[PDB]
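Geometric and topological summary
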12 protein chains.
Amino acid sequence: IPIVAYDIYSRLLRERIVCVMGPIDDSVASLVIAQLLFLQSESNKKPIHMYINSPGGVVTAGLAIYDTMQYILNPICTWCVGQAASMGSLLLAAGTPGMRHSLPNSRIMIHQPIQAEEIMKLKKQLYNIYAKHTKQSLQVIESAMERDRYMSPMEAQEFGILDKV
Amino acid sequence: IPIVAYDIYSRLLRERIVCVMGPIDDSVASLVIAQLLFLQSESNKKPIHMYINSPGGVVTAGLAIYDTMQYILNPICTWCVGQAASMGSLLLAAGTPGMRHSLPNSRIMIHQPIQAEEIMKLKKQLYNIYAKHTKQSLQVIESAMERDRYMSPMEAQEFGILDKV
Amino acid sequence: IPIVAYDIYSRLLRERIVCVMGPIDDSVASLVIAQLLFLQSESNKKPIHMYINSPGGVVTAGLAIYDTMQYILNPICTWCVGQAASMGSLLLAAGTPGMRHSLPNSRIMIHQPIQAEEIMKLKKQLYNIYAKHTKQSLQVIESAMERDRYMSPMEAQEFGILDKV
Amino acid sequence: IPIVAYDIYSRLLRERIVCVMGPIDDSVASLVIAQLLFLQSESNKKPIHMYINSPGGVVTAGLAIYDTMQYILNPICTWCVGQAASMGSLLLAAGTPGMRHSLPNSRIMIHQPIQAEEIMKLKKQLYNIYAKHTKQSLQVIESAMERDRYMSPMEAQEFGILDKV
Amino acid sequence: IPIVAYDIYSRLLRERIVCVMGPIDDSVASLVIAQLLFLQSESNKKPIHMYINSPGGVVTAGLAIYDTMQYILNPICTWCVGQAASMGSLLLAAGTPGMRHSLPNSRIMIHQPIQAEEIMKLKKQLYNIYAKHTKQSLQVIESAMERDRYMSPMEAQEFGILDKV
Amino acid sequence: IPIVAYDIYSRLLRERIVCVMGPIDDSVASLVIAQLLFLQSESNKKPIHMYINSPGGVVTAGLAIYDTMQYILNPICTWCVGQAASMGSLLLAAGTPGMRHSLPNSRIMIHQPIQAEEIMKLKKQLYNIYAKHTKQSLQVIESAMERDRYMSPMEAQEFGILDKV
Amino acid sequence: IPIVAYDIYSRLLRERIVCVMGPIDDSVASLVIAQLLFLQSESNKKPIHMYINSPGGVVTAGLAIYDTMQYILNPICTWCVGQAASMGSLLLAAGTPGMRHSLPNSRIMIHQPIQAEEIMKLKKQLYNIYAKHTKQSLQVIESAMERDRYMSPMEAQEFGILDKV
Amino acid sequence: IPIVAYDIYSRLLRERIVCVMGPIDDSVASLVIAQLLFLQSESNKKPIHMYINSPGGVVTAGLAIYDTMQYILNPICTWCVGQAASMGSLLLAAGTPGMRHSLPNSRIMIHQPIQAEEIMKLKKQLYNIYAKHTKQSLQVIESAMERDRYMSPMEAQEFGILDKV
Amino acid sequence: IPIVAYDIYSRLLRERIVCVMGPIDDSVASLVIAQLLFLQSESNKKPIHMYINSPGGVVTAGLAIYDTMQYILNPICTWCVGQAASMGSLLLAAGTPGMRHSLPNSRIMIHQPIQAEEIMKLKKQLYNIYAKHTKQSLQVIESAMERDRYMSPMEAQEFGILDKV
Amino acid sequence: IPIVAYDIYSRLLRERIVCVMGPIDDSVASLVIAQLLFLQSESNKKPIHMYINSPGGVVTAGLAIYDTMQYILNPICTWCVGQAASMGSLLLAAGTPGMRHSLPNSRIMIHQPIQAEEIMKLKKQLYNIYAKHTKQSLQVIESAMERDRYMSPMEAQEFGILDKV
Amino acid sequence: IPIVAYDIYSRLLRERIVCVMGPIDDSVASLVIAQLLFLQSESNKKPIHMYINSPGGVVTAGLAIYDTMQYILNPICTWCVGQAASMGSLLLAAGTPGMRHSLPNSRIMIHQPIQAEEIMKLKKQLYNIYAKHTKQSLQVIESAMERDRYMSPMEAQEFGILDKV
Amino acid sequence: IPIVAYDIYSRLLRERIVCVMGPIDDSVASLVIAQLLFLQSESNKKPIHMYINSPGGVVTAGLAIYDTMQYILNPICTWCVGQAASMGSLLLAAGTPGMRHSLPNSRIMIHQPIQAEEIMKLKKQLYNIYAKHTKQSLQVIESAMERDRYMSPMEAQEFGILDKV
């Protein structure tokens, strides 16, 4: 990792930029939550920018990150570079309305590649969040989350996951 | 871990914030106890904030941390992000009255997933602590600690683990 | 890695030089994207220089890097040292017209050494990008991408991958 | 493995019974093909019985086994015990008409959990085989092979994979 | 491996059947050569049957097996089940004229997935053998051995690798 | 380990605090002895504070630490947090009279979970040290050192291991 | 290894056939020497046949095998299948005059791919053996033993390693 | 590695000295190329010194380093310490005329201890480079590249690899 | 290891203190020799203090350390904490007369838990050193070095290894 | 290991032949001793033949085997094939006078490549055995056992290790 | 292990011979005890022969074997070949009076290379057994079991461990 | 490694001291050569001191170091501490005349514990260097380099390896 004593990621964070790359798990979630809290303490009015390039991850960590993004008062812009699959698509769709962007050669997946009841409760939570942020019906979300396929930025724009491309 | 020579966790600790993430064991307990002691030596009147995202851990380490939190004179606020299960739920319920908070998509579990007598003594200790801090009866605690299930923040509010959500 | 507290790569980055060496995967793609973004934030008018010595990599990471290079407003010069094979040949051909260079003893390969449909979509994307940047027909690209062989800088000049050697 | 110098599987093979259990790969395919050839050499008029309990496998091995079953002149009965998923469902549906059976608590899956073109040719081969043996249209097969779900013996009976249950 | 004290492969060898499955290397070549020598010593007039299901292997072992098949006086029939790629396609094409067979769902590949001169001499040897047994020209063989693709039994019939399907 | 260039443990050592956590072995003993020597060289009149959370360790290392504690002229206070078992209980009982403290939920164990004569000699040494510092008789010590059980701070107060709780 | 209770190699040994395949080391040398001794004890007048397919090995084991071959009174025929390199070429050339054979697609190499003096003595021993059995001069042998290349059966016929091909 | 915050290698690089020690592969080639580029950017008129102690490496990395050395405008002196074998001998011979030096006890070897055609093209490239820089004929180079032996500095002086010793 | 940028061991070395802990081998010997040389270069009149807690080690390293201690002109004090066994007892006894100290609970062992003659020469060297520094006869040393037992500081004082305790 | 239900080694043992190949350690010694005891129980008048191809081993195992050979009443012939080094040379020289043989290309070494006194006693035992069986003086044996070199059968004949070659 | 379907050890056991070779642990003890029980059930009047070549082992297993030997009614002869150290010397001395033999080049050791009290009880048990079977005094046994040295058969004869040599 | 930001080795290098400890291989040789070059560039008139404690190493690295020491113009003093064996004895003897020292308890060994000709040429090189620097005859060097033994400083003084002790 090249340096600028700052690293490249710390130099980027000086510009209020959080990078969510690679699989999402508990350590990544903790680091992202800490970065968001630090950025909010620096200022609660300035926008934040998130760049997503992720193959997916765990449901609990993604839900924690989503809750933290919805808690703070700053506007948040989300940009898809490369991949946004499974949990990354939730974060991409959870940005501020009018501030969700993608690059022309990006793929978006909302299909998902403890006991038997907690998994059902978490899945229903995901359905409700997706329906709230996409403005679809619940049945449409359950039907779409079952097919194993990717989407282009124009398809995701028609669905309701993105605003511009 | 991005830096700010401070790291992100040290930058947070400058704001009097202790982070309890991941499984709780002896090393984590020692680090948390040292951080709490240093924070108290800095000042014995200012509040402290703890953020919990934990799947559980060992009983001895959790009891040590609970004793240290009850020893110092500072008020302590507890915030649940993500998960609070097994030993993390004890720490969540052990905060100062009126200062126990949770996020809307959080799951709370009080069920627990040497010789034969020390284990029973530690379990009775846990029952007594839970009954003291939750204001339930002992029989209710023993019955609830046997079912394998999670709780929503509203259920934990009705039980007595939280104050607000 | 010799130092100059700067390293040799950081000293080179001070001169606006990005080095793409070794196989291309998600970590390399993330580092290169971050470096390009930081360089653009430093200035959006100054040229950038990229040096490629790569045996290939993953399609998604190469597409992400290609999209980032096409997004920023700076002119980009590409220089082949050693090898440019598979994904590295896309980056070599994607530079600014008139600013694509190679050394006399370099080998260039465009042959490539999830479900069954996403692979077809990514391959058609590659065909379209290659045809756009090389000025060949699509059939020529699909025919050439099937033979297992390397090319000299003069053959790559005749094809359309390079501008000078 | 209990013995009867014969083992239990050899004692079963004395009754003209071939067992296809566990994941299907090249070694399993070779053993099954050799057993079928030996059984045919013993007699080319007597029926054979196959018991399938398999989570899936490789396409090439399943196609080889299917071709061998279609080559020999003996009638073949197929019985599903437990699981028949991915490649096992092809073998289950490829039995002699009127001789395809399942147990009441069995799950059947036809969704599938080299270069880019050979995979597509093999997929089209699978579509044609499934449409021939199930009596569906090709579009129905491609639509059904995309959803990630299992089937009950009554659903598989309505589809055309089974004859009785 | 089920038994019949004979195994299934030894029971098959009682019927004058040699099985060439899996990758071809020195141990496999030695076993196949020993089996062919033993079969010839049993009788030098009776036919032999070979079944090929192989992804490829080493050139030296395949050349040794080819030489042994060409040495003995028995007629040899070759049957493709599943795969015949790289070195296995040489063995498939090297059978007795009029006795080279394949199954309808089989894939045949003749492309190939010490010092610098011995490799070239072995390649020229392969070109000469292929041209002799297929009745093509040398230039056609060199051109075809460069494209990375598989063939159907009808294409291999038109080329000259098979006699019937 | 969070920093304050000081670490948290070095920041604590600035306050004259030595932390004895985890199993006690030769490396831990050497570090603790060096810290005690450095603290004495800083001043030979100021008190020192030790915090013990230990499951036990080796007899030789504990004896070395005990000897170093008894050598220096500074008063030493011992505080039990969590666990004090086997060798940790020796260190807890070896503090200055009137300066041995414990937390309400702490467990204390004195039972212990080369040739045959050195082990017995070291055991007699332990018996003599315990009898000297606890004010029991030798027979009481050997009887209590045999039962496999833990003690509460009130039982340890009655025995003579602690002064306050 | 298929069986005939005899194995294929034991069935071959019934026909007075010794197989020298794979790298030659101490275990292989011991097995071959024991087989040759047993064959001589069975009869001291009947011929023996050896088939060589070997990439090379250790000098001491090859010298032991050569000495055992020269000791017994039986005629020995040597046949090259596949490869005869380094130590295998010594065994190939050490057969009875007029009884050294090779297959048309075989490669023969005589170049070789403790203290500093024993290695020189062993090399001079090899030079003397080669010159004796090939009828070349010592200088020719030392010159030829230095070039890194293989030979065809006609070249080895001209040199003196073989009698027929 | 002793320091002077500079290391010993960085302190040497301050004197315009590049050290090529150990086997040459892609990482070493990238580091050496970056160092040469940085040195040229510091000044394009001052000489550079390279010390070679290398057993060999990969052809592609050595060709990349050779091309970079021939590209820059600075004079380059090459010094052999210890070993210069295989790829290192190319770098030793590729220095500026009159500036190629060796130590009295050094050994130089030019013998060399993808598909079948690319290796031949790379070998012919090596032959042409060696003939250009040594002033031998191509046949002499091909003959000398086959013998497995080392050379003394006087022999390499007579050949044309060195200028002084 | 806690810091004071100095570490605890470097802070101790500022007070002219060398710590010999753990097994003694070549790396430990080299570090100790370098520290002693640096301390002598700082001053050749000031005393040095060594603290020994060691289970033993290799004879050659201990002899090297002993020779270095006897070479320099500074007085040296030796202090036993914990253990001094095998090679550590040599270092303990090799200090300046009147400056060899031990703690009350320390154990001292002089029994020791290439070709056949070098071991005997090294043993005779050890006997001579021990007899010189302890003032015993050689026969007493050889008799005592055979029994497998430890000693108390009073026994070691009577023997001649220590001066005070 | 080829079979004859007998193996090749058991078939050889039927002819009263013991094979000592590979390094000599405790397991090999136990097997050889058991074989010699069984052979003696079969008959105490018939000769036994031993074949040695060994690089050496442990002194205790070789001494045990030597003692067992000297105990039984049968004549023993020793034959060197390949190597007889270190412990194997003792066994070779310990055969019955007039019955010690070697092959022309064999190397013999008598140099040898607990506490410090037992090694001396075992070495003196070896010297005495060698002097007894070779008819040299002790000083000659100790001088010869120090040089690192091998011997030819003629040198070993002159020394006294062999009787014929 | 050569066979005679019997192995060499089973063939020896047919002659009433038990072999105790290698380290003695629980598995070896169980096998030896089972063999002794089987031999006694075959006949309770016939002698048994034991051959010892052992470096030592665990005290509990040796005591179990000693008890079993003392329980059965058969006479037992013990023969030392090679080594009898630690636990093996107990078994050697525990044979029937007048039936304890050794070979001339054998070494015998009686020095020995849970809680602290059980080890002492087991040691006192060993002292009593040794004094009973050797006819020494207890003090002599304790003194002799401390020196680290081996014994010759004549020394063991004088001590009382053997009867003849 | 204790620090003084300098380490102990860098602090020593400030005094013009190079430490050659442990086995000598290519990395150690490169570091030593770089240190010697840096020291010469600092000054070409001041003396340098080397301390050797080495068990040996590789011939090529030792020859490279020897050549570098003979190249520079500074006087060099060599001091033996501990061991100087194999390649380290060459470095010890290669110092400036009158400046070769050893400690009283040091052992010196000159015996030494690719193809077959390069090893012999390197050995002859070693013989010539040793004879030049020791003033012995070549035959004496070859005879002495064969015996496996060490030397005392007085023996090495008589030989010619040292000047004082």
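Residues numbered from 1 in each chain as written, not as in the entry; some residues may be left out. Chains lettered and ligands numbered in written order. Part of a larger assembly, values for the part shown. Heavy atoms only, no water.

Structure determination for this PDB entry was carried out by cryo-EM, with a resolution of 2.81 Å recorded in the header.

Looking only at helices and strands, chain A features seven helices and five strands. The order of helices and strands in chain A, counted from the N terminus, is α-β-α-β-α-β-α-β-β-α-α-α. Computed over the C-alpha atoms, the radius of gyration of chain A is 16 Å, within 12% of the 15 Å expected from 2.2 N^0.38 for a compact globule of 165 residues. Oriented by its inertia axes, the alpha-carbon framework of chain A measures out at about 50 × 40 × 30 Å. (Helix = DSSP H or I, 4+ residues; strand = E, 2+ residues; numbered from the N terminus. Rg over C-alpha atoms; globule rule 2.2 N^0.38 Å.)

This paragraph deals with the arrangement of the chains. Separated throughout, chain C and chain F approach each other most closely at a C-alpha pair spaced 18 Å apart. At the level of C-alpha atoms, the two units chain A and chain K stay apart, their nearest approach being 41 Å. (Contact = heavy atoms within 4.5 Å.)

What follows is about the packing of helix α3 (residues 59-71) of chain H against helix α5 (residues 116-134) of chain H. All names here are of chain H. The N-to-C vectors of α3 and α5 enclose an angle of 40°; their axes lie 12 Å apart at closest approach. When the interaxial angle is binned, α3 and α5 end up oblique. When the axes of α3 and α5 are compared, the crossing they make is left-handed. Taken together, the residues of α5 that come into contact with α3 (itself represented by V59, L63, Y66 and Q70) are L122, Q125, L126, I129, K132 and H133. (Axes fitted to C-alpha atoms, helices over the stretch in contact; angles between N-to-C directions. Parallel < 35°, antiparallel > 145°, perpendicular 65-115°, else oblique. Left-handed = near helix turned anticlockwise from the far one by under 90°.)

Contacts between the two partners involve 24 residues from chain C and, on the opposite side, 21 residues from chain A. Of the roughly 2100 Å² buried between chain C and chain A on both sides combined, carbon and sulfur atoms contribute 65%. Our enumeration of links across chain C and chain A arrives at one salt bridge. Close ionic contact of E118 of chain C with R107 of chain A constitutes a salt bridge, the shortest N to O distance being 2.9 Å. Listing elements by their share of the side of chain C that touches chain A, those giving two or more residues are α1 (8-13), α2 (26-42), α3 (59-71) and α5 (116-134) of chain C. Here the element with the most residues in the side of chain C that touches chain A is α2 of chain C; it accounts for eight residues. The residue makeup of the side of chain C that touches chain A, split by class, is 13 nonpolar, eight polar and three charged. (Buried area = accessible area lost by both parts, 1.4 Å probe. Salt bridge = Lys/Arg side-chain N within 4 Å of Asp/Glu carboxyl O. Nonpolar A, V, L, I, M, F, W, Y, C, P; charged D, E, K, R; others polar.)

Chain G puts five residues into the contact, and the matching count from chain H is five residues. Between chain G and chain H, the buried area comes to about 430 Å², and carbon and sulfur atoms account for 36% of it. The largest contributions to the chain G side of the interface with chain H come from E146, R147 and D148 of chain G, which together make up 86% of the buried area. Note that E146 of chain H is salt-bridged to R147 of chain G, the shortest N-O span being 3.5 Å. Linking chain G to chain H there are zero residue pairs in polar contact. For the side of chain G that touches chain H, a count of residues per class yields no nonpolar, one polar and four charged. (Polar contact = N/O pair within 3.5 Å; in protein donor to acceptor, adjacent residues only side chain to side chain.)

Here α2 of chain C is 17 residues long and its end C-alpha atoms lie 24 Å apart, about the 24 Å a rise of 1.5 Å per residue gives. For α2 of chain C, the set of buried residues is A29, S30, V32, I33, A34, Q35, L36, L37, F38 and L39 of chain C. (Expected span 1.5 Å × (residues − 1). Buried < 20%, exposed > 50% of the residue type's maximum accessible area, 1.4 Å probe, protein only.)

Glancing now at the UniProt feature "active site" in chain A. Per the UniProt record, the feature "active site" sits at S86 and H111 of chain A. Taking the farthest pair of C-alpha atoms as the criterion, the annotated set spanning 26 residues converges on one region, since that pair is 5.9 Å apart. With respect to the secondary-structure elements, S86 of chain A resides in the loop between β3 (76-85) and α4 (87-93). Assessed through its relative accessible area of 3%, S86 of chain A is described here as buried. Discounting chain neighbours no more than four positions away, the residues touching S86 of chain A are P55, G56, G57, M109, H111, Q112, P113 and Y130 of chain A. Among the structural elements, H111 of chain A can be located in the loop between β5 (107-109) and α5 (116-134). For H111 of chain A, a relative accessible area of 4% gives the class buried. Ignoring anything within four residues of it in the chain, the contact list for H111 of chain A reads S86, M145, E146, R147 and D148 of chain A together with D148 of chain D. (UniProt positions renumbered as here; feature names shortened; annotations may be inferred.)

A word on the relation of the copies chain G and chain H. The two copies are related by a screw motion: chain G maps onto chain H through a turn of 180° and a shift of 0.0 Å along the axis, at an RMSD of 0.0 Å. Read as a symmetry element, the transformation amounts to a two-fold axis. When C-alpha positions in chain G are compared against the rotation axis, the closest is assigned to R147 of chain G, at 2.4 Å. Residue by residue, 100% of the interface of chain G is reproduced at the interface of chain H, so both copies engage with the same surface. (Least-squares fit on C-alpha atoms.)

Under the criterion given, the structure shown has 11 aromatic pairs over all chains. Above the ring of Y150 of chain J, the side-chain terminus of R107 of chain J is found at 4.2 Å from the ring centroid. (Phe/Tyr/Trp six-rings, centres within 6.5 Å; stacked < 30°, edge-to-face > 60°. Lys NZ or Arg CZ within 6 Å of the ring centre and 35° of its normal.)

Relative to the elements of secondary structure, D67 of chain L occurs in helix α3 (residues 59-71). For the pair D67 of chain L and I33 of chain L, spaced 34 residues apart in the sequence, the C-alpha separation amounts to 9.6 Å. Ignoring any residue separated from it by four or fewer positions in sequence, one finds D67 of chain L in contact with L103, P104 and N105 of chain H.

The subject of this paragraph is the pairing of strand β3 (residues 76-85) of chain J. Residues and elements named next belong to chain J. Across the 10 residues that make up β3, a large majority, nine, are buried. Judged from the six bridges that link them, strand β2 (residues 48-54) and β3 form a sheet pairing that is parallel. In the strand pairing of β3, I48 is matched with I76. Chirality of the crossover, the property in question, places the unit of β2, helix α3 (residues 59-71) and β3 among those that are right-handed. For β3 and strand β4 (residues 100-102), the ladder comprises three bridges, and the chain directions are parallel. Each bridged residue has a counterpart across the sheet, and for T78 the counterpart in β4 is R100. Crossover handedness for the path β3 to helix α4 (residues 87-93) to β4: right-handed. In this structure, β3 lies alongside strand β5 (residues 107-109), joined through three bridges in parallel fashion. Bridging from a neighbouring strand, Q83 pairs with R107 of β5. (Pairing = 2+ DSSP bridges. Right-handed = clockwise from strand over helix to strand, strands pointing away.)

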